Amino acid sequence: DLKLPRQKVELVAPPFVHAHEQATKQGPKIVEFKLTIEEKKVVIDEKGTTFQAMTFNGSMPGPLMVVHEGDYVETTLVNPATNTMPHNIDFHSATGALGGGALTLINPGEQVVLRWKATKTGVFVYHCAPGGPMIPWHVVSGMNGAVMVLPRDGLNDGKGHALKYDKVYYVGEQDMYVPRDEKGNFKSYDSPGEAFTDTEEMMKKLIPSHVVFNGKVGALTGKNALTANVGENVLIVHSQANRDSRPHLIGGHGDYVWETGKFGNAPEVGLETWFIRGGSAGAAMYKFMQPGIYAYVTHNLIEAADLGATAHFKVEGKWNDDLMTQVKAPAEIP
Amino acid sequence: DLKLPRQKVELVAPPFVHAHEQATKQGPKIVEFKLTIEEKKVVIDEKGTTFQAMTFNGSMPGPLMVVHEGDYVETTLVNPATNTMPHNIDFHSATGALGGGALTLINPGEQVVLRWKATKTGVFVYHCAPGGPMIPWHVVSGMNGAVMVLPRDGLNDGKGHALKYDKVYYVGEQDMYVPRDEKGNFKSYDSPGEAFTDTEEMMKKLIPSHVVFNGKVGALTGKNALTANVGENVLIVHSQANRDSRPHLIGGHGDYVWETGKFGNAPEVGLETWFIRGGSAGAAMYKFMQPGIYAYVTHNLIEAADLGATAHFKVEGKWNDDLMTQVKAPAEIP
Amino acid sequence: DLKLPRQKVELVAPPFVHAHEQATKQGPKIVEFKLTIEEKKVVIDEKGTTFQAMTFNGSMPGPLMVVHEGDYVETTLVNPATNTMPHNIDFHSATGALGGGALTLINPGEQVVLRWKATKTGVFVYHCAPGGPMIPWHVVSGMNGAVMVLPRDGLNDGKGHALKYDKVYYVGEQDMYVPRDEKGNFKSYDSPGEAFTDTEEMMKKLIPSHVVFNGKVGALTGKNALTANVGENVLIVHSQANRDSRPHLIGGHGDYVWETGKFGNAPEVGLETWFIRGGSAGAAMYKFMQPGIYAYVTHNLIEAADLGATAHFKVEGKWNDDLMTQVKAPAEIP
Ligand SMILES: OC[C@H]1O[C@@](CO)(O[C@H]2O[C@H](CO)[C@@H](O)[C@H](O)[C@H]2O)[C@@H](O)[C@@H]1O
Ligand SMILES: OC[C@H]1O[C@@](CO)(O[C@H]2O[C@H](CO)[C@@H](O)[C@H](O)[C@H]2O)[C@@H](O)[C@@H]1O
Ligand SMILES: OC[C@H]1O[C@@](CO)(O[C@H]2O[C@H](CO)[C@@H](O)[C@H](O)[C@H]2O)[C@@H](O)[C@@H]1O
Ligand SMILES: O=N[O-]
Ligand SMILES: O=N[O-]
Ligand SMILES: O=N[O-]
Ligand SMILES: [Cu+2]
Ligand SMILES: [Cu+2]
Ligand SMILES: [Cu+2]
Ligand SMILES: [Cu+2]
Ligand SMILES: [Cu+2]
Ligand SMILES: [Cu+2]
């Protein structure tokens, strides 16, 4: 019925994003994506705490999918027989059938193919949502990512000027609920099913044990710091499928920010901290002015420093003494 | 002194809203409303947990009051002798005297009549606020609702175009604090006064036991699902008098959203999830494009699925395969 | 190198703000400020609970610094030898070096001088951030304040009209974490270092024991109520360095509100409640229309009434019966 050109995308693991055009002369296409569910025990902190994760494509978050307004997104969702539970997918970008969830419930050993038209621009969450109490559990176990639906003319500032990024990163924040035993040590479990009772009891108390970017404390640090150069315009897409977050670039700003994440609305300018509503993605762009280390955090600083929610940028370039200078180094008080 | 026409309104129980005009050729009127306080033990979940509720007009939330900018709202507040506590009313829409609270404190057996001019457009909370520690307790016991103050020309998109809804629903979200005994079972109490000590101790820890729409788990489901048809523009007014919420229509969008709830500001467009600040009401409109079941949730999914904060819409009409289609049903992996 | 005129500012304790111009014919200057760190045990509630505070200039919050866009802000930070810990300062308004923190780490007995150019307009947090787990601890111990960077033409409504305030107040909200002993009584400690272990364990659970304005329950009440007169336009700057807040003026409104706090964006109009993201400052202006007592709260009413987060305004002037009137005083029900 639908006779449009087909284009396959090779998804890449976060925080990177598959290659795409911003402004495009292409017309609508059917863009084809594949997600393969993986349930797996992973390590989430530098002390070796383990977690029963459930993921799209083996990562937390799931990969960022990028399309343009009016494209048709055709996803093959695969639930291999090596998994234990049914799963599905719900796209906040899509219209009808609970975002697709009512059409994609698959048991281990099955796959399904869903197509939806990208009628709404912005960044959007996608997540598993099998039904009932399983919905929060699968999401907070890691089964969420995001999609970005660009205008065909690319981004603008609302005020007819184009806003072109040099690079884009996707920072998926995950609230995790790991129960503790009587000693006060984090518990380990042999299966997601076995983790369920204790994990649900903790979840209902609403306080996470960990809040992490890219699946683990320190994931986006050291060798895996985010990078930029002075003069580069970087777009940071930030999602949180269950709980609020308040992103902040320490030493920088959000030059243009869509905190509700939707490109039909003009961005706000010159923010210090912005707010990602639980169940949403937002986006912020910043042109780096200074070299050095920056930290990208949620600005609940307890969560950032003590629960895991800190990434770093390492930025190359020349220091600008007009913008900031140490007039007098630390010295004894006169 | 004030010589304007008087109009009586028959309030209706949420989620329905009393009949009103959007755009009107009427001039200012004195619009007359009556609220009768009822303290009552109610059931809040499908397991039979009870709660000592305090309500305006017998409902949680209290009913939605609808007027137009420049009307005078004249409320008779009635506290029958069958109640145990003093009560009052504070309207966020009103100016002076703590929103009216300083002029409406009434003991059991008394009534009072307050008039305020509707100078600010939008949706606003109203709530009881007797003084001191009683303020949070009365609010989280159920004593809150909302008022909607429409422009006389009706709603607009900010961009000179009219925005007319086919129907309006009021979803009042309530955070409830029910203490547990040593066993781990929810406690029942013989009076609001007897529930006070244990309830205050829990309240100060800031974690609700239940988060519900329209007073109970499952209230807006089954026979009491919200309804629409494909092609209908529905306005959903959402209030939360004490705690933040993040509304989301699963399978839909907020086509036009006033998340801070005030019609002097243009709506945002094409949202996935929006944010209702504790102590406020907001409003979102959506034109349904697909038939079927939708869930309307706060997108803290633990609260939605496990604590009570899910409503359903049942929508009639024709499925649109252009917008979404199951290209291949669940099948064994090749 | 930088040859501009120098101007010294005498900082004043919150909620007051040092004298400044709104619109100015001055060009860029180097504006000189001094902050002296003080670690001190203070009383935070009317029951006599004590707290190991860490402050800029002896106050919580630290004082508001006011400059204009394109000024250079030169701060001398002083850490006297009477303190026990290293400290630094990070300005969200500044660009590079973690907001200045990477250039201002000072041991007891040292001082440092930092200059930054005020390229971004709005209200911004400043806070200490020494590194690692110390970052949240120093902030929630009191080491935060705000700076306001005004346009040189003063404030505007976005719609070419000027917005001039008659007075400005700075309300700094502090979430505090005071542990309890087995009895259930709040603990007292002999030093910040001794309070650290118990305080960090509580902090990671994310629930404060107290939420206060200006450092203490009841600080901005009685003799220290905020004041205004009918007809006065008051700007209220509100900051929260770690945790969200939802300000509300009971009996009033936010006539013009920058809830993300940045003057490059037009204000929203006619709000009931606004939202300050943890790690940010915002600002709201209101022209008083009625005399009497107003309460300024966070509209989590449990926090406001039970945890400490209430200020009062006492307003002088003539009551306006058109806006609100008690039509019939409390009487027996007919
Ligand atoms: O940035 C979106 C914002 O900008 C405005 C102009 O104020 O419209 C621009 O963006 C639209 C969506 O990309 C374009 O269709 C339009 O042509 C362009 O002017 C606003 O209408 C919009 O909210
Ligand atoms: O939607 C409100 C938003 O729209 C604007 C136009 O951009 O003004 C419209 O709405 C006002 C309030 O209803 C009307 O008085 C006005 O005539 C109309 O253009 C904005 O000014 C406003 O913020
Ligand atoms: O209030 C800021 C908001 O107003 C606009 C006009 O809609 O610009 C005004 O404010 C700018 C910043 O102060 C001035 O430079 C400009 O000249 C003035 O019109 C918007 O552009 C801005 O977002
Ligand atoms: O599953 N580990 O690559
Ligand atoms: O009070 N029950 O209808
Ligand atoms: O330290 N007291 O003024
Ligand atoms: Cu799943
Ligand atoms: Cu969802
Ligand atoms: Cu009451
Ligand atoms: Cu209120
Ligand atoms: Cu410090
Ligand atoms: Cu900071």
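Chains as they are written, first to last, in this note's numbering: chain A, 348 to 681; chain B, 348 to 681; chain C, 348 to 681.
We put the CB at the ideal spot given by N, CA and C, even for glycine.
Spatial distance of residue i from residue j (CA atoms)
{"i": "residue 552/A", "j": "residue 449/B", "result": "37 Å"}
{"i": "residue 373/A", "j": "residue 416/A", "result": "11 Å"}
{"i": "residue 500/B", "j": "residue 466/B", "result": "15 Å"}
{"i": "residue 457/C", "j": "residue 396/A", "result": "40 Å"}
{"i": "residue 488/B", "j": "residue 681/A", "result": "60 Å"}
{"i": "residue 505/A", "j": "residue 646/A", "result": "27 Å"}
{"i": "residue 463/C", "j": "residue 637/A", "result": "12 Å"}
{"i": "residue 589/B", "j": "residue 425/A", "result": "43 Å"}
{"i": "residue 460/B", "j": "residue 452/B", "result": "11 Å"}
{"i": "residue 389/B", "j": "residue 579/B", "result": "34 Å"}
{"i": "residue 398/A", "j": "residue 430/A", "result": "16 Å"}
{"i": "residue 555/C", "j": "residue 428/C", "result": "31 Å"}
{"i": "residue 616/B", "j": "residue 602/B", "result": "5 Å"}
{"i": "residue 525/B", "j": "residue 393/B", "result": "15 Å"}
{"i": "residue 595/A", "j": "residue 516/A", "result": "15 Å"}
{"i": "residue 600/A", "j": "residue 474/C", "result": "16 Å"}
{"i": "residue 476/B", "j": "residue 538/B", "result": "19 Å"}
{"i": "residue 368/B", "j": "residue 629/B", "result": "19 Å"}
{"i": "residue 527/B", "j": "residue 510/A", "result": "54 Å"}
{"i": "residue 496/B", "j": "residue 470/B", "result": "6 Å"}
{"i": "residue 657/C", "j": "residue 518/C", "result": "10 Å"}
Distance cut-off 7 Å: residue i Cβ against heavy atoms of ligand 12
{"i": "residue 391/B", "result": "no"}
Residue i (DSSP reduced to helix, strand or coil)
{"i": "residue 550/B", "result": "helix"}
{"i": "residue 657/C", "result": "strand"}
{"i": "residue 364/C", "result": "coil"}
{"i": "residue 544/B", "result": "helix"}
{"i": "residue 525/A", "result": "coil"}
{"i": "residue 649/C", "result": "helix"}
{"i": "residue 621/C", "result": "coil"}
{"i": "residue 428/A", "result": "coil"}
{"i": "residue 557/A", "result": "strand"}
{"i": "residue 381/B", "result": "strand"}
{"i": "residue 498/B", "result": "coil"}
{"i": "residue 441/B", "result": "coil"}
{"i": "residue 614/C", "result": "coil"}
{"i": "residue 515/B", "result": "strand"}
{"i": "residue 505/B", "result": "coil"}
Any non-hydrogen atom of ligand 3 within 7 Å of residue i CB
{"i": "residue 612/B", "result": "no"}
Cβ-heavy atom distance, residue i to ligand 7, below 7 Å
{"i": "residue 367/C", "result": "no"}
{"i": "residue 401/A", "result": "yes"}
{"i": "residue 477/A", "result": "yes"}
Any non-hydrogen atom of ligand 10 within 7 Å of residue i CB
{"i": "residue 626/B", "result": "yes"}
Any non-hydrogen atom of ligand 8 within 7 Å of residue i CB
{"i": "residue 437/A", "result": "yes"}
{"i": "residue 640/B", "result": "no"}
{"i": "residue 600/B", "result": "no"}
Residue i beta carbon near ligand 1 (any heavy atom closer than 7 Å)
{"i": "residue 447/A", "result": "no"}
{"i": "residue 507/A", "result": "yes"}
Any non-hydrogen atom of ligand 2 within 7 Å of residue i CB
{"i": "residue 309/B", "result": "Since the first and last residues shown for chain B are 348 and 681, residue 309/B lies out of range."}
* Could you name the residues whose beta carbon sits closer than 7 Å to any heavy atom belonging to ligand 4, keeping them in chain order? => 387/A and 405/A
* Asked: At a Cβ cut of 9 Å, what residues of the stretch 440 to 461 of chain B count as close to chain C, listed as they run along the chain?
  -> 440, 441, 442, 443, 444, 445, 446, 447, 448, 449, 450, 451, 452, 453, 454, 456, 457, 458, 459, 460 and 461
* Those residues, in chain order, that have a beta-carbon closer than 5 Å to some heavy atom of ligand 11 -> 434/C, 475/C, 485/C and 490/C
* To do: Taking a Cβ distance cut-off of 7 Å, strictly less, list which residues of the stretch 616 to 634 of chain A are near chain B, in chain order.
  => 624, 625, 626 and 627
* **chain C contacts from the stretch 473 to 501 of chain B (Cβ-Cβ distance under 7 Å)** => 479, 480, 482, 483 and 486
* Compile a chain-ordered list of the residues in the stretch 535 to 567 of chain C whose CB is closer than 7 Å to at least one CB of chain B. => 554
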